[PDB]
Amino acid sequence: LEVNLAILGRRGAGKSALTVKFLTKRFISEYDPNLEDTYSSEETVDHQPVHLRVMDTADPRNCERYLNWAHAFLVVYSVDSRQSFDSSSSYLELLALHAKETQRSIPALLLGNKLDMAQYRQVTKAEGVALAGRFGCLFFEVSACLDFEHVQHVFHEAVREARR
């Protein structure tokens, strides 16, 4: 089973850090901000094997490259950046519009990353919940430089959302 996951969000939000942590179980803090690519991994989600494809985007034009490809989305902002949070809402609007225009119904997970920087929070967890509420998507706060298991969970949950 092949599952396409696309990761969207404003530059700086930690899209690649989250991807590399998922893939490698390590935090890599400087990763080419311009590099966009699809990363392949063999996963097991609910005792079921998956060929997972993770598209780590770097933005704007030809959004269909992910809009007509992904089976689920992660939309990422940083909890220490209002700017990032605001940009996250635009990606969710795009997902909504595309679904409306094409009938393509794809689940999304809203991610407030850099939970390790919670002391400099510009966005509350309650506000992330509210934003997810406006788009009917799931919501998680995560970090690329805490443990691996919580990052694995969100990626595997996108898989579960894609299978439902």
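One-based numbering along the sequence shown.
Unmodelled deposited residues between residue 59 and residue 60: 1 to 3, per the record. In this entry, 115 to 123 shows the higher mean Cα temperature factor of the pair 93 to 101 and 115 to 123. Between 132 to 140 and 103 to 111, it is 103 to 111 that carries the larger average Cα temperature factor according to the deposited entry. For residue 5, the recorded CA B-factor ranks within the lowest third of the chain. Only modelled residues enter the ranking.
Sorting the modelled residues of the chain by their CA temperature factor places residue 18 in the lowest third. Sort the chain's modelled residues by C-alpha temperature factor and residue 52 lands in the highest third, per the entry. Remark: residue 28 belongs to the lowest third of its chain, ranked by C-alpha B-factor as recorded. Ranked by Cα temperature factor within the chain, residue 159 sits in the middle third according to the deposited record.
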